[PDB]
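Read through the structure below, which is laid out as structure tokens, and then see the notes.
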Protein chains: 2
Amino acid sequence: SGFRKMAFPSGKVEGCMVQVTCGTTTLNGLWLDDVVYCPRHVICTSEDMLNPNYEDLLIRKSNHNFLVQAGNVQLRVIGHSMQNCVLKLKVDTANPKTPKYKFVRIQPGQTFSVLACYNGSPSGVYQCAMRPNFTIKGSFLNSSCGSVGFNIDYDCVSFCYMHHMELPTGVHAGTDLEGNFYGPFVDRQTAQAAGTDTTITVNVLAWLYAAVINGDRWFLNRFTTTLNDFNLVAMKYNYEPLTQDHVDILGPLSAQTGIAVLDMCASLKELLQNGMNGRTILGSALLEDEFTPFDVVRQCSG
Amino acid sequence: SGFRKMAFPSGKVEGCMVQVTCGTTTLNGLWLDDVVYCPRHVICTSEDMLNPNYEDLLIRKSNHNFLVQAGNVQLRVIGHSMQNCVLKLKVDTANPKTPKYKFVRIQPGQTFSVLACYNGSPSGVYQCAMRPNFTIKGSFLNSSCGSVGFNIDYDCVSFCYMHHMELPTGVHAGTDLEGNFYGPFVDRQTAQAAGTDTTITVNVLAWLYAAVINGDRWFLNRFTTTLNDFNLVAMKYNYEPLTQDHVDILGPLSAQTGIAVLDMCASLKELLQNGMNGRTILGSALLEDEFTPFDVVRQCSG
Ligand SMILES: *C(=N)[C@H](C[C@@H]1CCNC1=O)NC(=O)[C@@H]1[C@@H]2[C@H](CN1C(=O)[C@@H](NC(=O)C(F)(F)F)C(C)(C)C)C2(C)C
Ligand SMILES: CC(C)(C)[C@H](NC(=O)C(F)(F)F)C(=O)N1C[C@H]2[C@@H]([C@H]1C(=O)N[C@H](C=N)C[C@@H]1CCNC1=O)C2(C)C
């Protein structure tokens, strides 16, 4: 038993990380087959950041303006194209450590593992959620760009995130691996803010189910509520509305514990209304929303 | 910016996870060069969990009673020895994926990543601390045993933890990689309980320095303390005594912030009195004690 913020094992993705140099700019690339994916802002100088002309700055580049460094082995760029906000560099060498993979775009509320990298070298692995405001609360310093978000399904790596920037609130913004931004953000050093976030309610109900599965039961009450009446208490506390989608999705945890979603919703209502009376749930003083229903079933089943 | 409970990249340890079967018992082994390290309780039946005689159980065992599986490949056990509470199986094949490694025994307050494993397969990676009471707050199910804890310095994996048992408070006990238990615990299903846990004070201090590095000062005050006055107050919150050794270790974080350790001690003392008054520090409403001074310098300074 026990319940941790658990990351996916990172080995398949560590075998894919390279250093991409364009001029003085170094960041990370994902090397899959004979293509290296990286943020297009690698080609930007200091200047070329308030108003980058990407189409224009790209055409002024040769293949040999890009040094791609695969540990200590230098990869020769034999092609270059931009897809939205990712640069795709065709390399003379295919990655022998390429996993079973697809590119996937996630929803707000869905979780992933980040492999934080610097100069092509994996640094740390952590679990994140896509905030409803389409930011992630990562841990990213200078030269973290080209760090990727992933899920594993069996032996298949699902790449869902590439890291691009930090917003003034210390939160992070990026794209899928096709270079489409999550959220209303642009890859220019200009004034950008995170929108006001809300709490991923389905994830909190799923986290209370995890608490119950670990014999942490104190928050359980007698009230049954309606879906509407819980979504009215919820919207006052900046919680996401909970939809039948979200209720049917808690099925396996309601079955596992025998506790009906609406009985659990009546608990979280009471918790929203009061607080935790100097008690914790699974050793947190806050209502956690960065564990999906699949995360709780996954962890608890092994 | 940002601050995450962050684990080492798991690939170098994922390269080492095997399945060890005995009769009906399957658990995890650590495959390094031509030896598999696993829990000696793999040789236990249903009966023998209470007062196992390990020397008498093992003498009855041949090399060929030990089924070691690396992915598909079954390894050939050509030797067995007992070292404390670990079983060592000499196999006919050196692991080609053996990373640079050492075995280290850690102290309470030290942090490590766990690769959670079932049947030699990886579940997940998470960050843990050796609690003052020689337990860890893990996430471990049936057949979790042999799952290991580790740190990585550059390219070297230092193995520090092997999983053996869950105590009745839902916390975890294990050995070093020489099979010496952390704490007073034994590999028997005898009545055992962890002693009352204390907060790792040097870690909470290190984490407050991390919050200041990240731009947060709200919790500081114009007061200082003596080390002794600090220890009289903190010992009333079930905080570990802070030593001069702990003061010395916080020295780099002090230099970086320009806040003397005893001034930050004064800060913690007031936080213990007042709590957070609806505020959070690095997204927590509790005082976080599972980041070392070293972990903070690692994530906030690189
Ligand atoms: C990645 N390699 C870096 C810095 C990382 C990202 C997360 N934390 C970091 O410190 N990314 C960048 O330098 C990007 C890059 C230009 C500016 N930029 C930013 O992250 C800046 N932020 C913004 O301009 C904002 F707020 F709008 F997002 C910066 C002020 C340097 C943090 C480009 C092309 C967006
Ligand atoms: C919890 C249980 C009551 C079963 C027991 N605990 C106590 O006997 C104690 F309370 F005394 F410690 C206990 O863990 N074990 C009994 C037996 C080994 C260990 C065990 O079964 N290990 C499992 C590995 N195959 C993983 C476990 C179960 C879920 N989470 C874990 O970590 C040994 C100590 C020899």
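As shown in the structure tokens, the chain order sets the letters A, B, ...; within each chain, residues go from 1, and ligands are also counted from 1 in the order they appear.
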- Message: Counting only C-alpha atoms, a student should be able to say which residues of chain A come within 8 Å of chain B; what is the right answer, written as number ranges by chain?
- Response: A: 1-12, 14, 115, 122-126, 137-141, 166, 170-171, 214, 284-286, 299-302
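Residue neighbourhood of stretch 242-246 of chain A, excluding near-sequence residues (fewer than 5 positions): residues 201, 202 and 231 of chain A, at 7 Å, using only C-alpha atoms.
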- Near-residue A:30 list (8 Å; only C-alpha atoms; drop same-chain fewer than 4 positions) as a ChimeraX atom specification: /A:16-18,36-38,146,148
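Every protein, DNA or RNA residue with an atom at most 10 Å from residue A:33, where only C-alpha atoms count and chain neighbours fewer than 6 positions away do not, is listed here: residues 16, 90, 91, 93, 94, 95, 96, 97, 98 and 99 of chain A.
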Would you give me, as a short mmCIF file (atom, residue, chain, number, x, y, z; two decimals) with N, CA, C and O atoms, in the first residue's frame, the residues in stretch 233-268 of chain A that DSSP reads as alpha helix (DSSP H)?
data_model
loop_
_atom_site.label_atom_id
_atom_site.label_comp_id
_atom_site.auth_asym_id
_atom_site.auth_seq_id
_atom_site.Cartn_x
_atom_site.Cartn_y
_atom_site.Cartn_z
N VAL A 233 -21.81 24.33 -5.92
CA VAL A 233 -20.80 24.47 -4.83
C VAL A 233 -19.41 24.57 -5.49
O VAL A 233 -18.63 25.44 -5.06
N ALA A 234 -19.16 23.73 -6.50
CA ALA A 234 -17.87 23.57 -7.23
C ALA A 234 -17.48 24.89 -7.90
O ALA A 234 -16.33 25.34 -7.67
N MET A 235 -18.37 25.48 -8.71
CA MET A 235 -18.08 26.69 -9.53
C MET A 235 -17.78 27.91 -8.64
O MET A 235 -17.12 28.85 -9.15
N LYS A 236 -18.28 27.91 -7.39
CA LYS A 236 -18.02 28.97 -6.38
C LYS A 236 -16.56 28.88 -5.94
O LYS A 236 -15.98 29.95 -5.68
N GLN A 244 -21.23 13.71 -16.66
CA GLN A 244 -21.49 12.24 -16.67
C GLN A 244 -20.28 11.47 -17.24
O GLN A 244 -19.99 10.37 -16.75
N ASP A 245 -19.60 12.04 -18.24
CA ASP A 245 -18.28 11.61 -18.74
C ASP A 245 -17.41 11.28 -17.51
O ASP A 245 -16.82 10.20 -17.47
N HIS A 246 -17.31 12.23 -16.57
CA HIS A 246 -16.41 12.24 -15.39
C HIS A 246 -16.89 11.21 -14.37
O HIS A 246 -16.04 10.47 -13.86
N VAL A 247 -18.21 11.18 -14.12
CA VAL A 247 -18.89 10.17 -13.24
C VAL A 247 -18.70 8.74 -13.77
O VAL A 247 -18.31 7.87 -12.94
N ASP A 248 -18.97 8.46 -15.06
CA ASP A 248 -18.85 7.09 -15.63
C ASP A 248 -17.39 6.65 -15.52
O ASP A 248 -17.14 5.44 -15.30
N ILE A 249 -16.48 7.63 -15.63
CA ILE A 249 -14.99 7.48 -15.61
C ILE A 249 -14.53 7.08 -14.20
O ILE A 249 -13.46 6.42 -14.09
N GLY A 251 -16.35 5.05 -12.36
CA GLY A 251 -16.96 3.71 -12.24
C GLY A 251 -16.01 2.72 -11.56
O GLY A 251 -16.31 2.22 -10.48
N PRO A 252 -14.86 2.41 -12.19
CA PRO A 252 -13.94 1.39 -11.67
C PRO A 252 -13.46 1.64 -10.24
O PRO A 252 -13.12 0.70 -9.59
N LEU A 253 -13.42 2.90 -9.80
CA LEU A 253 -12.99 3.27 -8.43
C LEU A 253 -14.19 3.15 -7.50
O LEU A 253 -13.98 2.85 -6.30
N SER A 254 -15.41 3.41 -8.00
CA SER A 254 -16.68 3.31 -7.24
C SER A 254 -16.97 1.83 -6.96
O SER A 254 -17.41 1.48 -5.83
N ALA A 255 -16.71 0.99 -7.97
CA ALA A 255 -16.78 -0.49 -7.91
C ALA A 255 -15.71 -1.04 -6.94
O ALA A 255 -16.06 -1.86 -6.07
N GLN A 256 -14.47 -0.57 -7.08
CA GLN A 256 -13.28 -1.01 -6.28
C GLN A 256 -13.51 -0.76 -4.79
O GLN A 256 -13.01 -1.60 -3.98
N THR A 257 -14.19 0.35 -4.45
CA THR A 257 -14.43 0.83 -3.05
C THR A 257 -15.89 0.59 -2.64
O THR A 257 -16.15 0.63 -1.42
N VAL A 261 -20.00 7.62 -6.74
CA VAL A 261 -19.43 8.95 -7.12
C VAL A 261 -20.16 10.06 -6.34
O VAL A 261 -19.46 10.93 -5.77
N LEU A 262 -21.50 10.04 -6.29
CA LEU A 262 -22.33 11.12 -5.67
C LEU A 262 -22.17 11.10 -4.15
O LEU A 262 -22.33 12.17 -3.50
N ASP A 263 -21.91 9.93 -3.57
CA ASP A 263 -21.61 9.80 -2.12
C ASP A 263 -20.25 10.45 -1.86
O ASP A 263 -20.16 11.26 -0.93
N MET A 264 -19.25 10.15 -2.70
CA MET A 264 -17.88 10.77 -2.68
C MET A 264 -17.95 12.29 -2.97
O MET A 264 -17.17 13.05 -2.36
N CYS A 265 -18.83 12.72 -3.88
CA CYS A 265 -19.05 14.14 -4.27
C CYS A 265 -19.60 14.92 -3.08
O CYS A 265 -19.21 16.08 -2.90
N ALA A 266 -20.51 14.29 -2.32
CA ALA A 266 -21.06 14.82 -1.06
C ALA A 266 -19.95 14.93 0.00
O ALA A 266 -20.01 15.90 0.78
N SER A 267 -18.95 14.03 0.03
CA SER A 267 -17.75 14.17 0.90
C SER A 267 -16.94 15.43 0.49
O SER A 267 -16.70 16.29 1.39
N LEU A 268 -16.58 15.57 -0.80
CA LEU A 268 -15.72 16.67 -1.32
C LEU A 268 -16.45 18.00 -1.14
O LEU A 268 -15.78 19.00 -0.86
#
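Take atom CA of residue B:250 and atom CA of residue B:198: the distance between them is 19.5 Å.
Nearest residue to residue B:71, choosing from B:20, B:89, B:57, B:129 and counting only C-alpha atoms: B:20.
Across A:294, A:54, A:103, A:218, the tightest approach to ligand 1 is made by A:54 when counting only C-alpha atoms and all ligand atoms.
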- Task: Write out as JSON, numbers by chain the residues lying within 10 Å of stretch 39-41 of chain A, counting only C-alpha atoms and excluding same-chain residues fewer than 6 positions away.
- Result: {"A": [20, 22, 25, 27, 28, 29, 48, 49, 52, 54, 57, 58, 81, 82, 83, 84, 85, 86, 87, 88, 145, 146, 147, 162, 163, 164, 174, 175, 177, 179, 187, 188]}
Okay, now the selection with N, CA and C atoms, as an mmCIF file, in the first residue's frame?
data_model
loop_
_atom_site.group_PDB
_atom_site.id
_atom_site.type_symbol
_atom_site.label_atom_id
_atom_site.label_comp_id
_atom_site.auth_asym_id
_atom_site.auth_seq_id
_atom_site.Cartn_x
_atom_site.Cartn_y
_atom_site.Cartn_z
ATOM 1 N N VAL A 20 20.742 19.946 -29.494
ATOM 2 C CA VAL A 20 20.598 20.747 -30.754
ATOM 3 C C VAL A 20 21.222 22.142 -30.581
ATOM 4 N N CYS A 22 22.117 25.654 -32.610
ATOM 5 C CA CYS A 22 22.009 26.636 -33.732
ATOM 6 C C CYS A 22 22.579 27.986 -33.267
ATOM 7 N N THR A 25 22.626 29.367 -29.386
ATOM 8 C CA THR A 25 21.429 28.742 -28.760
ATOM 9 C C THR A 25 21.657 27.227 -28.734
ATOM 10 N N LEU A 27 19.602 23.793 -27.080
ATOM 11 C CA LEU A 27 18.553 23.116 -26.283
ATOM 12 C C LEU A 27 18.536 21.618 -26.591
ATOM 13 N N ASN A 28 17.416 20.976 -26.324
ATOM 14 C CA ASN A 28 17.278 19.517 -26.382
ATOM 15 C C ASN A 28 16.475 19.190 -27.618
ATOM 16 N N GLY A 29 16.722 18.018 -28.165
ATOM 17 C CA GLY A 29 15.880 17.446 -29.213
ATOM 18 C C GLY A 29 15.510 16.017 -28.881
ATOM 19 N N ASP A 48 16.029 38.292 -31.996
ATOM 20 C CA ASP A 48 14.937 37.617 -32.764
ATOM 21 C C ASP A 48 13.998 36.857 -31.825
ATOM 22 N N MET A 49 13.343 37.560 -30.899
ATOM 23 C CA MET A 49 12.622 36.921 -29.761
ATOM 24 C C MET A 49 11.399 37.767 -29.372
ATOM 25 N N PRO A 52 10.097 37.302 -33.718
ATOM 26 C CA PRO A 52 10.809 36.361 -34.575
ATOM 27 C C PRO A 52 10.062 36.228 -35.908
ATOM 28 N N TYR A 54 10.078 33.537 -38.332
ATOM 29 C CA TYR A 54 10.511 32.118 -38.307
ATOM 30 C C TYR A 54 10.721 31.628 -39.740
ATOM 31 N N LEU A 57 13.750 33.569 -40.936
ATOM 32 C CA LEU A 57 15.011 33.166 -40.253
ATOM 33 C C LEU A 57 15.393 31.734 -40.642
ATOM 34 N N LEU A 58 14.412 30.884 -40.978
ATOM 35 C CA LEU A 58 14.645 29.461 -41.353
ATOM 36 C C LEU A 58 15.287 29.392 -42.745
ATOM 37 N N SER A 81 13.015 21.095 -41.777
ATOM 38 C CA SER A 81 11.678 21.680 -42.017
ATOM 39 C C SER A 81 11.030 22.071 -40.694
ATOM 40 N N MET A 82 10.156 23.053 -40.761
ATOM 41 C CA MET A 82 9.382 23.569 -39.621
ATOM 42 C C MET A 82 7.951 23.050 -39.733
ATOM 43 N N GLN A 83 7.430 22.412 -38.695
ATOM 44 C CA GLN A 83 5.985 22.076 -38.566
ATOM 45 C C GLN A 83 5.375 22.792 -37.357
ATOM 46 N N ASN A 84 4.614 23.852 -37.616
ATOM 47 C CA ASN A 84 4.128 24.793 -36.581
ATOM 48 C C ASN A 84 5.356 25.283 -35.817
ATOM 49 N N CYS A 85 5.428 25.019 -34.509
ATOM 50 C CA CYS A 85 6.509 25.547 -33.622
ATOM 51 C C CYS A 85 7.640 24.552 -33.363
ATOM 52 N N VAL A 86 7.688 23.405 -34.064
ATOM 53 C CA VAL A 86 8.831 22.448 -33.967
ATOM 54 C C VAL A 86 9.627 22.516 -35.262
ATOM 55 N N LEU A 87 10.942 22.596 -35.100
ATOM 56 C CA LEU A 87 11.944 22.300 -36.149
ATOM 57 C C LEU A 87 12.159 20.782 -36.260
ATOM 58 N N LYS A 88 12.117 20.230 -37.483
ATOM 59 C CA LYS A 88 12.372 18.791 -37.742
ATOM 60 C C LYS A 88 13.666 18.685 -38.544
ATOM 61 N N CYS A 145 14.466 23.716 -22.702
ATOM 62 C CA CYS A 145 13.608 23.664 -23.904
ATOM 63 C C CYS A 145 13.904 22.409 -24.740
ATOM 64 N N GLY A 146 12.893 21.714 -25.247
ATOM 65 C CA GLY A 146 13.055 20.437 -25.971
ATOM 66 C C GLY A 146 13.010 19.225 -25.051
ATOM 67 N N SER A 147 12.779 19.481 -23.748
ATOM 68 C CA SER A 147 12.189 18.546 -22.731
ATOM 69 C C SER A 147 10.743 18.127 -23.097
ATOM 70 N N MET A 162 6.129 19.064 -25.681
ATOM 71 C CA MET A 162 7.471 19.670 -25.752
ATOM 72 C C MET A 162 7.444 21.021 -25.056
ATOM 73 N N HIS A 163 8.493 21.306 -24.306
ATOM 74 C CA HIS A 163 8.652 22.506 -23.463
ATOM 75 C C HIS A 163 9.204 23.668 -24.287
ATOM 76 N N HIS A 164 8.579 24.837 -24.158
ATOM 77 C CA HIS A 164 8.912 26.064 -24.912
ATOM 78 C C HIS A 164 9.290 27.249 -24.002
ATOM 79 N N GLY A 174 4.069 24.948 -23.643
ATOM 80 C CA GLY A 174 4.619 24.135 -24.733
ATOM 81 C C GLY A 174 3.522 23.678 -25.672
ATOM 82 N N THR A 175 3.945 22.801 -26.554
ATOM 83 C CA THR A 175 3.240 22.319 -27.754
ATOM 84 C C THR A 175 3.099 20.794 -27.646
ATOM 85 N N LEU A 177 3.910 17.365 -30.070
ATOM 86 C CA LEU A 177 5.161 17.067 -30.821
ATOM 87 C C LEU A 177 5.001 17.435 -32.305
ATOM 88 N N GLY A 179 4.001 20.533 -32.744
ATOM 89 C CA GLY A 179 4.283 21.990 -32.636
ATOM 90 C C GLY A 179 3.054 22.899 -32.573
ATOM 91 N N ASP A 187 5.414 31.585 -29.258
ATOM 92 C CA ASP A 187 6.856 31.391 -28.961
ATOM 93 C C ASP A 187 7.629 32.663 -29.358
ATOM 94 N N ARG A 188 7.269 33.799 -28.753
ATOM 95 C CA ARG A 188 7.959 35.110 -28.834
ATOM 96 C C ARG A 188 8.199 35.631 -27.412
#
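Closest approach to ligand 1 among A:223, A:185, A:150, A:31 is made by A:185 (distances from only C-alpha atoms and all ligand atoms).
As for atom CA of residue B:109 and atom CA of residue B:212, they are spaced 21.3 Å apart.
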- All residues 10 Å or closer to residue A:24, only C-alpha atoms, same chain fewer than 2 positions away omitted, as a PyMOL selection string: chain A and resi 21-22+26+42-46
- Assign secondary structure with DSSP using the backbone only, and return the residues of stretch 3-133 of chain B in strand (DSSP E or B) as JSON, numbers by chain. {"B": [7, 17, 18, 19, 20, 21, 22, 25, 26, 27, 28, 29, 30, 31, 32, 35, 36, 37, 38, 39, 67, 68, 69, 70, 73, 74, 75, 77, 78, 79, 80, 81, 82, 83, 86, 87, 88, 89, 90, 91, 100, 101, 102, 103, 111, 112, 113, 114, 115, 116, 117, 118, 121, 122, 123, 124, 125, 126, 127, 128, 129]}
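Considering only C-alpha atoms, the residue among A:296, A:186, A:227, A:68 positioned nearest to residue A:207 is A:296.
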